[PDB]
file target-v3.cif (mmCIF, N, CA and C atoms)
data_entry
#
loop_
_atom_site.label_atom_id
_atom_site.label_comp_id
_atom_site.auth_asym_id
_atom_site.auth_seq_id
_atom_site.Cartn_x
_atom_site.Cartn_y
_atom_site.Cartn_z
N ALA A 1 149.52 159.40 56.08
CA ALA A 1 148.89 158.37 55.20
C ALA A 1 147.62 157.86 55.87
N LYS A 2 146.62 157.56 55.02
CA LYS A 2 145.30 157.09 55.40
C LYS A 2 145.21 155.57 55.19
N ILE A 3 144.87 154.85 56.26
CA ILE A 3 144.87 153.38 56.25
C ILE A 3 143.47 152.85 56.52
N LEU A 4 143.03 151.85 55.71
CA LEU A 4 141.83 151.08 55.97
C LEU A 4 142.26 149.71 56.50
N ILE A 5 141.64 149.27 57.62
CA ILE A 5 141.95 147.99 58.24
C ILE A 5 140.77 147.06 57.95
N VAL A 6 141.04 145.84 57.51
CA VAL A 6 140.07 144.80 57.29
C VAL A 6 140.46 143.62 58.18
N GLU A 7 139.63 143.43 59.22
CA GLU A 7 139.90 142.45 60.27
C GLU A 7 138.59 142.10 60.98
N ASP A 8 138.21 140.81 61.00
CA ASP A 8 136.95 140.44 61.61
C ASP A 8 137.02 140.41 63.13
N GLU A 9 138.20 140.12 63.71
CA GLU A 9 138.29 139.95 65.17
C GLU A 9 138.36 141.33 65.82
N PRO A 10 137.41 141.73 66.67
CA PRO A 10 137.29 143.12 67.09
C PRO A 10 138.46 143.63 67.92
N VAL A 11 138.97 142.80 68.84
CA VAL A 11 140.02 143.27 69.73
C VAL A 11 141.33 143.38 68.96
N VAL A 12 141.59 142.44 68.06
CA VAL A 12 142.76 142.51 67.18
C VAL A 12 142.63 143.74 66.30
N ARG A 13 141.46 144.00 65.74
CA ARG A 13 141.20 145.18 64.91
C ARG A 13 141.54 146.47 65.65
N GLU A 14 141.05 146.57 66.88
CA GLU A 14 141.30 147.77 67.67
C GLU A 14 142.78 147.92 68.02
N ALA A 15 143.46 146.82 68.33
CA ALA A 15 144.88 146.88 68.63
C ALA A 15 145.64 147.39 67.42
N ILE A 16 145.35 146.88 66.24
CA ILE A 16 146.04 147.33 65.03
C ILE A 16 145.77 148.81 64.79
N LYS A 17 144.53 149.25 64.91
CA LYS A 17 144.11 150.63 64.76
C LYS A 17 144.96 151.53 65.66
N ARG A 18 145.05 151.14 66.94
CA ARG A 18 145.74 151.96 67.93
C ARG A 18 147.23 152.00 67.63
N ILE A 19 147.84 150.86 67.23
CA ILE A 19 149.25 150.83 66.85
C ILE A 19 149.53 151.74 65.68
N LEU A 20 148.68 151.68 64.65
CA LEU A 20 148.81 152.59 63.50
C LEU A 20 148.76 154.07 63.93
N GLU A 21 147.83 154.39 64.79
CA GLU A 21 147.65 155.75 65.29
C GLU A 21 148.87 156.18 66.12
N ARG A 22 149.40 155.29 66.96
CA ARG A 22 150.62 155.59 67.72
C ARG A 22 151.82 155.85 66.81
N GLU A 23 151.79 155.29 65.60
CA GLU A 23 152.85 155.47 64.62
C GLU A 23 152.56 156.60 63.67
N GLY A 24 151.51 157.38 63.94
CA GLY A 24 151.26 158.62 63.21
C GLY A 24 150.40 158.49 61.96
N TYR A 25 149.75 157.32 61.80
CA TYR A 25 148.86 157.12 60.66
C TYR A 25 147.41 157.43 61.01
N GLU A 26 146.67 157.94 60.03
CA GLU A 26 145.24 158.13 60.14
C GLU A 26 144.53 156.84 59.74
N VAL A 27 143.69 156.29 60.62
CA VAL A 27 142.91 155.11 60.29
C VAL A 27 141.55 155.62 59.84
N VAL A 28 141.26 155.45 58.55
CA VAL A 28 140.07 156.07 57.98
C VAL A 28 138.91 155.10 57.91
N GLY A 29 139.14 153.83 58.22
CA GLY A 29 138.02 152.91 58.34
C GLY A 29 138.46 151.58 58.92
N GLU A 30 137.48 150.89 59.44
CA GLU A 30 137.60 149.58 60.02
C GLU A 30 136.49 148.73 59.42
N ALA A 31 136.87 147.69 58.72
CA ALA A 31 135.91 146.80 58.07
C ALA A 31 136.00 145.41 58.68
N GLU A 32 134.85 144.81 59.03
CA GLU A 32 134.84 143.49 59.63
C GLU A 32 134.61 142.37 58.61
N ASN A 33 134.32 142.71 57.35
CA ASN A 33 134.00 141.73 56.32
C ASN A 33 134.27 142.38 54.97
N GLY A 34 134.15 141.60 53.90
CA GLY A 34 134.45 142.06 52.57
C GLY A 34 133.49 143.14 52.08
N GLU A 35 132.21 143.01 52.39
CA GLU A 35 131.26 144.04 52.01
C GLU A 35 131.69 145.41 52.55
N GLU A 36 132.01 145.47 53.83
CA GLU A 36 132.43 146.73 54.41
C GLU A 36 133.76 147.18 53.83
N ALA A 37 134.66 146.25 53.56
CA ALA A 37 135.95 146.60 52.99
C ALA A 37 135.78 147.36 51.69
N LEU A 38 134.94 146.83 50.80
CA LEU A 38 134.80 147.40 49.48
C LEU A 38 134.01 148.71 49.55
N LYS A 39 133.05 148.82 50.46
CA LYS A 39 132.30 150.06 50.67
C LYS A 39 133.23 151.16 51.17
N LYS A 40 134.09 150.84 52.14
CA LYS A 40 134.97 151.85 52.73
C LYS A 40 136.12 152.17 51.78
N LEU A 41 136.57 151.24 50.95
CA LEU A 41 137.58 151.52 49.94
C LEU A 41 137.06 152.65 49.05
N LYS A 42 135.84 152.51 48.57
CA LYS A 42 135.27 153.50 47.64
C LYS A 42 134.98 154.83 48.33
N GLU A 43 134.50 154.79 49.57
CA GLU A 43 134.13 156.00 50.30
C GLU A 43 135.36 156.79 50.73
N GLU A 44 136.39 156.09 51.21
CA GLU A 44 137.51 156.74 51.89
C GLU A 44 138.75 156.89 51.02
N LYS A 45 138.88 156.14 49.93
CA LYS A 45 140.06 156.20 49.08
C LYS A 45 141.33 156.20 49.92
N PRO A 46 141.55 155.14 50.71
CA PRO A 46 142.74 155.01 51.53
C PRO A 46 144.00 154.92 50.70
N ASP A 47 145.10 155.34 51.31
CA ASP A 47 146.40 155.18 50.71
C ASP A 47 146.95 153.76 50.78
N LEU A 48 146.45 152.97 51.75
CA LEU A 48 146.87 151.58 51.91
C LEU A 48 145.78 150.84 52.66
N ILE A 49 145.63 149.55 52.32
CA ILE A 49 144.69 148.68 53.00
C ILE A 49 145.47 147.54 53.65
N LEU A 50 145.21 147.34 54.94
CA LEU A 50 145.76 146.19 55.66
C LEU A 50 144.63 145.18 55.80
N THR A 51 144.85 143.94 55.35
CA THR A 51 143.79 142.91 55.33
C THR A 51 144.29 141.65 56.03
N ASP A 52 143.48 141.11 56.95
CA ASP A 52 143.76 139.78 57.48
C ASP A 52 143.65 138.74 56.36
N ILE A 53 144.62 137.83 56.34
CA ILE A 53 144.61 136.71 55.40
C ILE A 53 143.42 135.80 55.62
N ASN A 54 142.93 135.68 56.86
CA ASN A 54 141.97 134.66 57.26
C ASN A 54 140.77 135.38 57.84
N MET A 55 139.71 135.45 57.06
CA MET A 55 138.49 135.95 57.62
C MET A 55 137.34 135.15 57.09
N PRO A 56 136.25 135.15 57.88
CA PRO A 56 135.02 134.47 57.53
C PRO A 56 134.38 134.95 56.23
N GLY A 57 133.93 133.96 55.48
CA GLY A 57 133.15 134.18 54.27
C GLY A 57 134.06 134.43 53.07
N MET A 58 134.22 135.68 52.76
CA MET A 58 135.17 136.10 51.76
C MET A 58 136.52 136.30 52.43
N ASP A 59 137.47 135.40 52.12
CA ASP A 59 138.76 135.37 52.78
C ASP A 59 139.65 136.52 52.28
N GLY A 60 140.80 136.72 52.94
CA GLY A 60 141.67 137.84 52.64
C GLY A 60 142.14 137.90 51.19
N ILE A 61 142.44 136.76 50.59
CA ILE A 61 142.88 136.79 49.20
C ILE A 61 141.74 137.23 48.30
N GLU A 62 140.50 136.81 48.62
CA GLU A 62 139.38 137.21 47.80
C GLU A 62 139.08 138.69 47.96
N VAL A 63 139.25 139.24 49.19
CA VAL A 63 139.14 140.67 49.36
C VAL A 63 140.19 141.42 48.53
N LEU A 64 141.45 140.94 48.62
CA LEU A 64 142.57 141.47 47.84
C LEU A 64 142.24 141.50 46.35
N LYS A 65 141.73 140.37 45.86
CA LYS A 65 141.38 140.27 44.44
C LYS A 65 140.33 141.30 44.07
N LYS A 66 139.29 141.46 44.90
CA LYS A 66 138.28 142.47 44.60
C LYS A 66 138.80 143.90 44.69
N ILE A 67 139.67 144.19 45.66
CA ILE A 67 140.33 145.49 45.71
C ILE A 67 141.11 145.76 44.42
N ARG A 68 141.86 144.75 43.94
CA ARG A 68 142.69 144.90 42.74
C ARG A 68 141.80 145.04 41.50
N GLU A 69 140.61 144.42 41.53
CA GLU A 69 139.63 144.54 40.45
C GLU A 69 139.05 145.94 40.41
N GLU A 70 138.76 146.55 41.57
CA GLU A 70 138.30 147.93 41.58
C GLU A 70 139.33 148.79 40.85
N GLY A 71 140.62 148.55 41.13
CA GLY A 71 141.69 149.16 40.36
C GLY A 71 141.75 150.67 40.58
N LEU A 72 141.53 151.10 41.83
CA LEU A 72 141.72 152.49 42.22
C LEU A 72 143.22 152.75 42.31
N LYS A 73 143.62 153.96 41.92
CA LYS A 73 145.03 154.32 41.92
C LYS A 73 145.52 154.44 43.36
N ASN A 74 146.75 153.95 43.56
CA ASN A 74 147.41 154.02 44.84
C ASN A 74 146.54 153.35 45.91
N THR A 75 146.20 152.06 45.68
CA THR A 75 145.55 151.22 46.68
C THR A 75 146.37 149.95 46.86
N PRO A 76 147.59 150.13 47.34
CA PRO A 76 148.35 148.99 47.83
C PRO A 76 147.62 148.27 48.97
N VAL A 77 147.92 146.97 49.05
CA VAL A 77 147.36 146.09 50.05
C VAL A 77 148.46 145.29 50.70
N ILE A 78 148.53 145.32 52.03
CA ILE A 78 149.40 144.44 52.80
C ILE A 78 148.54 143.45 53.56
N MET A 79 148.84 142.13 53.40
CA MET A 79 148.14 141.11 54.16
C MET A 79 148.78 140.95 55.52
N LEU A 80 148.01 140.50 56.51
CA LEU A 80 148.58 140.19 57.82
C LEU A 80 147.94 138.94 58.40
N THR A 81 148.69 138.34 59.33
CA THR A 81 148.14 137.28 60.18
C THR A 81 148.43 137.64 61.63
N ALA A 82 147.45 137.36 62.50
CA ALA A 82 147.63 137.52 63.93
C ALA A 82 148.03 136.21 64.61
N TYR A 83 148.21 135.12 63.85
CA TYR A 83 148.42 133.78 64.38
C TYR A 83 149.47 132.99 63.62
N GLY A 84 150.45 133.69 63.02
CA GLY A 84 151.52 133.05 62.25
C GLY A 84 151.01 132.19 61.10
N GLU A 85 149.84 132.46 60.53
CA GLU A 85 149.29 131.65 59.45
C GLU A 85 150.02 132.04 58.15
N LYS A 86 150.98 131.20 57.71
CA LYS A 86 151.83 131.47 56.54
C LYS A 86 151.48 130.57 55.35
N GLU A 87 150.39 129.79 55.39
CA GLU A 87 150.13 128.82 54.33
C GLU A 87 149.80 129.45 52.96
N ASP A 88 149.28 130.70 52.98
CA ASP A 88 148.77 131.38 51.80
C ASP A 88 149.63 132.58 51.35
N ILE A 89 150.89 132.60 51.75
CA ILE A 89 151.83 133.63 51.33
C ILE A 89 151.88 133.68 49.80
N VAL A 90 152.02 132.51 49.16
CA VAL A 90 152.17 132.49 47.72
C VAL A 90 150.95 133.08 47.05
N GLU A 91 149.78 132.58 47.45
CA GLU A 91 148.55 132.99 46.80
C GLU A 91 148.33 134.48 47.02
N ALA A 92 148.75 135.03 48.15
CA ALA A 92 148.61 136.47 48.34
C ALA A 92 149.50 137.27 47.39
N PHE A 93 150.78 136.90 47.30
CA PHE A 93 151.68 137.62 46.40
C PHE A 93 151.28 137.42 44.94
N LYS A 94 150.82 136.21 44.56
CA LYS A 94 150.37 135.97 43.20
C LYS A 94 149.17 136.83 42.81
N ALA A 95 148.30 137.14 43.80
CA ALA A 95 147.08 137.91 43.60
C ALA A 95 147.36 139.41 43.73
N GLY A 96 148.62 139.83 43.95
CA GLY A 96 149.01 141.22 43.86
C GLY A 96 149.21 141.90 45.21
N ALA A 97 149.30 141.16 46.31
CA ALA A 97 149.64 141.77 47.59
C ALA A 97 150.98 142.48 47.52
N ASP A 98 151.08 143.64 48.17
CA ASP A 98 152.34 144.37 48.21
C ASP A 98 153.24 143.90 49.34
N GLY A 99 152.67 143.22 50.34
CA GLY A 99 153.40 142.67 51.45
C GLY A 99 152.54 141.73 52.30
N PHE A 100 153.22 141.04 53.23
CA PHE A 100 152.59 140.04 54.04
C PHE A 100 153.30 140.09 55.38
N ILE A 101 152.57 140.48 56.42
CA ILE A 101 153.14 140.74 57.75
C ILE A 101 152.72 139.62 58.72
N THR A 102 153.73 139.00 59.34
CA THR A 102 153.53 138.00 60.38
C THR A 102 153.76 138.55 61.79
N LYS A 103 154.17 139.80 61.93
CA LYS A 103 154.41 140.43 63.23
C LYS A 103 153.69 141.76 63.28
N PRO A 104 152.34 141.77 63.15
CA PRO A 104 151.60 143.02 63.05
C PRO A 104 151.54 143.81 64.37
N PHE A 105 151.85 143.17 65.50
CA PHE A 105 151.76 143.88 66.78
C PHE A 105 153.08 144.52 67.17
N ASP A 106 154.09 144.47 66.30
CA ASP A 106 155.34 145.17 66.55
C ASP A 106 155.24 146.51 65.84
N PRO A 107 155.02 147.66 66.55
CA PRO A 107 154.71 148.91 65.87
C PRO A 107 155.78 149.30 64.85
N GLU A 108 157.05 148.96 65.16
CA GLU A 108 158.17 149.31 64.28
C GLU A 108 158.15 148.48 63.00
N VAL A 109 157.88 147.17 63.08
CA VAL A 109 157.76 146.33 61.89
C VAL A 109 156.59 146.80 61.00
N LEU A 110 155.44 147.09 61.61
CA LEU A 110 154.31 147.59 60.86
C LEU A 110 154.60 148.91 60.11
N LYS A 111 155.21 149.86 60.81
CA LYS A 111 155.58 151.13 60.24
C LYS A 111 156.63 150.96 59.14
N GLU A 112 157.62 150.10 59.39
CA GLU A 112 158.66 149.89 58.38
C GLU A 112 158.09 149.33 57.07
N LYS A 113 157.19 148.36 57.16
CA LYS A 113 156.65 147.76 55.95
C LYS A 113 155.69 148.71 55.25
N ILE A 114 154.85 149.45 56.01
CA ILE A 114 153.97 150.41 55.39
C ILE A 114 154.78 151.48 54.66
N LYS A 115 155.81 151.99 55.35
CA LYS A 115 156.59 153.08 54.79
C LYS A 115 157.19 152.62 53.46
N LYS A 116 157.71 151.40 53.44
CA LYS A 116 158.31 150.83 52.25
C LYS A 116 157.33 150.69 51.08
N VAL A 117 156.17 150.09 51.34
CA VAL A 117 155.16 149.94 50.31
C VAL A 117 154.65 151.28 49.81
N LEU A 118 154.41 152.24 50.71
CA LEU A 118 153.92 153.56 50.32
C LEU A 118 154.95 154.23 49.41
N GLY A 119 156.23 154.01 49.72
CA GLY A 119 157.32 154.65 48.99
C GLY A 119 157.57 154.02 47.62
N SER A 120 157.09 152.79 47.41
CA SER A 120 157.45 152.00 46.24
C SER A 120 156.65 152.40 44.98
#
call {"tool": "encode", "arguments": {"input": "target-v3.cif", "output": "structure tokens"}}
result
Amino acid sequence: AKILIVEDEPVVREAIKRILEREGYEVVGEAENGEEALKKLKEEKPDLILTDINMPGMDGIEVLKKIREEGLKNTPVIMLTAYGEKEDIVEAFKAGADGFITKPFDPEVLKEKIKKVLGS
């Protein structure tokens, strides 16, 4: 499976990338902001997008909404937080998130949730 990561914090971004790769996933892009997210969505046609809930400018829910507006087939989105930020769980699921991960640095939890969403 091909994964696009949307995460503004560079070291967190790289850690997630490497964890995905250790779990056998192809990381087909890394986006630091919404502009890059939407550009790489169209260029790479990922099987799944992982998006931080909290990013500068256009926040994770707004990125999610724009991804869902593009309406490309098989573009599930899982939200994540690197800091236990759970305040926007509702708004993410209401806006069409397929999942919301609070333990993104546990390779097994990440793989389990991706596998589930991809299978659904």
call {"tool": "select_by_dssp", "arguments": {"input": "target-v3.cif", "residues": "region 39-76 of chain A", "states": "strand (DSSP E)", "output": "ChimeraX atom specification"}}
result
/A:48-52
call {"tool": "residues_around", "arguments": {"input": "target-v3.cif", "residues": "residue 101 (chain A)", "least_positions_apart": "6", "cutoff": "7 Å", "atoms": "all atoms listed in the file", "output": "list in words"}}
result
residues 78, 79, 80, 81 and 82 of chain A
call {"tool": "axis_aligned_box", "arguments": {"input": "target-v3.cif", "around": "region 69-75 of chain A", "padding_each_side": "8 Å", "output": "JSON"}}
result
{"center_x": 142.9, "center_y": 149.4, "center_z": 43.6, "size_x": 25.1, "size_y": 26.0, "size_z": 22.5}
call {"tool": "closest_residue", "arguments": {"input": "target-v3.cif", "among": "A:109, A:37, A:67, A:90", "to": "residue 6 (chain A)", "atoms": "only C-alpha atoms"}}
result
A:37
call {"tool": "resolve_selection", "arguments": {"input": "target-v3.cif", "expression": "the PyMOL selection byres ((chain A and resi 41-49) around 6)", "output": "NGL selection string"}}
result
:A and (1-5 or 36-40 or 50-51 or 74-78)
call {"tool": "atom_distance", "arguments": {"input": "target-v3.cif", "atom1": "CA of residue 9 (chain A)", "atom2": "CA of residue 119 (chain A)"}}
result
29.0 Å
call {"tool": "atom_distance", "arguments": {"input": "target-v3.cif", "atom1": "CA of residue 91 (chain A)", "atom2": "atom N of residue 105 (chain A)"}}
result
21.5 Å
call {"tool": "atom_distance", "arguments": {"input": "target-v3.cif", "atom1": "atom N of residue 54 (chain A)", "atom2": "atom N of residue 69 (chain A)"}}
result
17.8 Å
call {"tool": "closest_residue", "arguments": {"input": "target-v3.cif", "among": "A:63, A:73, A:89, A:96", "to": "residue 35 (chain A)", "atoms": "all atoms listed in the file"}}
result
A:63
call {"tool": "residues_around", "arguments": {"input": "target-v3.cif", "residues": "region 13-18 of chain A", "least_positions_apart": "2", "cutoff": "9 Å", "atoms": "only C-alpha atoms", "output": "ChimeraX atom specification"}}
result
/A:3,5-11,20-23,26-27,30-32,104-105,107
call {"tool": "closest_residue", "arguments": {"input": "target-v3.cif", "among": "A:98, A:88, A:12, A:108", "to": "residue 53 (chain A)", "atoms": "only N, CA and C atoms"}}
result
A:88
call {"tool": "select_by_dssp", "arguments": {"input": "target-v3.cif", "residues": "chain A", "states": "alpha helix (DSSP H)", "output": "ChimeraX atom specification"}}
result
/A:10-22,34-44,60-70,89-94,107-119
call {"tool": "decode", "arguments": {"input": "target-v3.cif", "residues": "region 17-37 of chain A", "atoms": "N, CA, C and O atoms", "output": "PDB file, in the first residue's frame"}}
result
ATOM      1  N   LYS A  17       7.337   8.190   8.709  1.00  0.00           N
ATOM      2  CA  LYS A  17       7.775   7.657   7.433  1.00  0.00           C
ATOM      3  C   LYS A  17       8.537   6.349   7.652  1.00  0.00           C
ATOM      4  O   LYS A  17       8.246   5.289   7.058  1.00  0.00           O
ATOM      5  N   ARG A  18       9.519   6.404   8.561  1.00  0.00           N
ATOM      6  CA  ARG A  18      10.396   5.264   8.790  1.00  0.00           C
ATOM      7  C   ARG A  18       9.616   4.115   9.413  1.00  0.00           C
ATOM      8  O   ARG A  18       9.827   2.945   9.080  1.00  0.00           O
ATOM      9  N   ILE A  19       8.690   4.396  10.365  1.00  0.00           N
ATOM     10  CA  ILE A  19       7.848   3.364  10.949  1.00  0.00           C
ATOM     11  C   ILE A  19       6.988   2.690   9.907  1.00  0.00           C
ATOM     12  O   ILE A  19       6.946   1.465   9.846  1.00  0.00           O
ATOM     13  N   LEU A  20       6.365   3.473   9.029  1.00  0.00           N
ATOM     14  CA  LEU A  20       5.585   2.908   7.918  1.00  0.00           C
ATOM     15  C   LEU A  20       6.429   1.984   7.031  1.00  0.00           C
ATOM     16  O   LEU A  20       5.987   0.893   6.669  1.00  0.00           O
ATOM     17  N   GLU A  21       7.622   2.417   6.704  1.00  0.00           N
ATOM     18  CA  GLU A  21       8.543   1.650   5.870  1.00  0.00           C
ATOM     19  C   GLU A  21       8.979   0.365   6.585  1.00  0.00           C
ATOM     20  O   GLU A  21       8.985  -0.726   5.961  1.00  0.00           O
ATOM     21  N   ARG A  22       9.256   0.436   7.891  1.00  0.00           N
ATOM     22  CA  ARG A  22       9.576  -0.769   8.668  1.00  0.00           C
ATOM     23  C   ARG A  22       8.425  -1.772   8.691  1.00  0.00           C
ATOM     24  O   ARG A  22       8.658  -2.982   8.818  1.00  0.00           O
ATOM     25  N   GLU A  23       7.196  -1.285   8.521  1.00  0.00           N
ATOM     26  CA  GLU A  23       6.008  -2.118   8.499  1.00  0.00           C
ATOM     27  C   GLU A  23       5.627  -2.520   7.097  1.00  0.00           C
ATOM     28  O   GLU A  23       4.566  -3.156   6.918  1.00  0.00           O
ATOM     29  N   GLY A  24       6.473  -2.218   6.115  1.00  0.00           N
ATOM     30  CA  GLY A  24       6.299  -2.741   4.765  1.00  0.00           C
ATOM     31  C   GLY A  24       5.466  -1.871   3.825  1.00  0.00           C
ATOM     32  O   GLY A  24       5.145  -2.252   2.692  1.00  0.00           O
ATOM     33  N   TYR A  25       5.195  -0.623   4.243  1.00  0.00           N
ATOM     34  CA  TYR A  25       4.450   0.297   3.393  1.00  0.00           C
ATOM     35  C   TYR A  25       5.370   1.188   2.578  1.00  0.00           C
ATOM     36  O   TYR A  25       6.453   1.575   3.031  1.00  0.00           O
ATOM     37  N   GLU A  26       4.929   1.537   1.367  1.00  0.00           N
ATOM     38  CA  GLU A  26       5.596   2.507   0.527  1.00  0.00           C
ATOM     39  C   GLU A  26       5.099   3.902   0.896  1.00  0.00           C
ATOM     40  O   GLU A  26       3.888   4.149   0.802  1.00  0.00           O
ATOM     41  N   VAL A  27       6.009   4.814   1.249  1.00  0.00           N
ATOM     42  CA  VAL A  27       5.631   6.190   1.528  1.00  0.00           C
ATOM     43  C   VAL A  27       5.874   6.955   0.246  1.00  0.00           C
ATOM     44  O   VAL A  27       7.025   7.160  -0.170  1.00  0.00           O
ATOM     45  N   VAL A  28       4.784   7.417  -0.380  1.00  0.00           N
ATOM     46  CA  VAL A  28       4.901   7.996  -1.709  1.00  0.00           C
ATOM     47  C   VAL A  28       4.954   9.510  -1.659  1.00  0.00           C
ATOM     48  O   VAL A  28       5.176  10.126  -2.711  1.00  0.00           O
ATOM     49  N   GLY A  29       4.756  10.103  -0.490  1.00  0.00           N
ATOM     50  CA  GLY A  29       4.982  11.531  -0.361  1.00  0.00           C
ATOM     51  C   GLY A  29       4.925  11.971   1.085  1.00  0.00           C
ATOM     52  O   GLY A  29       4.387  11.286   1.942  1.00  0.00           O
ATOM     53  N   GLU A  30       5.526  13.113   1.307  1.00  0.00           N
ATOM     54  CA  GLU A  30       5.598  13.785   2.572  1.00  0.00           C
ATOM     55  C   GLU A  30       5.202  15.240   2.317  1.00  0.00           C
ATOM     56  O   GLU A  30       5.821  15.966   1.534  1.00  0.00           O
ATOM     57  N   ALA A  31       4.131  15.664   2.938  1.00  0.00           N
ATOM     58  CA  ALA A  31       3.622  17.026   2.779  1.00  0.00           C
ATOM     59  C   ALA A  31       3.703  17.769   4.092  1.00  0.00           C
ATOM     60  O   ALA A  31       3.307  17.247   5.133  1.00  0.00           O
ATOM     61  N   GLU A  32       4.239  19.001   4.078  1.00  0.00           N
ATOM     62  CA  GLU A  32       4.367  19.789   5.298  1.00  0.00           C
ATOM     63  C   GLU A  32       3.208  20.760   5.514  1.00  0.00           C
ATOM     64  O   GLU A  32       3.152  21.457   6.527  1.00  0.00           O
ATOM     65  N   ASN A  33       2.306  20.893   4.530  1.00  0.00           N
ATOM     66  CA  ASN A  33       1.211  21.852   4.591  1.00  0.00           C
ATOM     67  C   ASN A  33       0.115  21.359   3.645  1.00  0.00           C
ATOM     68  O   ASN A  33       0.282  20.346   2.950  1.00  0.00           O
ATOM     69  N   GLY A  34      -1.021  22.043   3.644  1.00  0.00           N
ATOM     70  CA  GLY A  34      -2.160  21.647   2.857  1.00  0.00           C
ATOM     71  C   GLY A  34      -1.919  21.760   1.355  1.00  0.00           C
ATOM     72  O   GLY A  34      -2.401  20.956   0.567  1.00  0.00           O
ATOM     73  N   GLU A  35      -1.228  22.801   0.918  1.00  0.00           N
ATOM     74  CA  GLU A  35      -0.907  22.922  -0.494  1.00  0.00           C
ATOM     75  C   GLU A  35      -0.166  21.683  -0.994  1.00  0.00           C
ATOM     76  O   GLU A  35      -0.506  21.153  -2.052  1.00  0.00           O
ATOM     77  N   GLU A  36       0.872  21.278  -0.277  1.00  0.00           N
ATOM     78  CA  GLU A  36       1.622  20.105  -0.693  1.00  0.00           C
ATOM     79  C   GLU A  36       0.765  18.849  -0.588  1.00  0.00           C
ATOM     80  O   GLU A  36       0.922  17.926  -1.377  1.00  0.00           O
ATOM     81  N   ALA A  37      -0.078  18.766   0.431  1.00  0.00           N
ATOM     82  CA  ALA A  37      -0.934  17.601   0.593  1.00  0.00           C
ATOM     83  C   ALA A  37      -1.790  17.375  -0.641  1.00  0.00           C
ATOM     84  O   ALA A  37      -1.886  16.258  -1.092  1.00  0.00           O
TER      85      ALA A  37
END
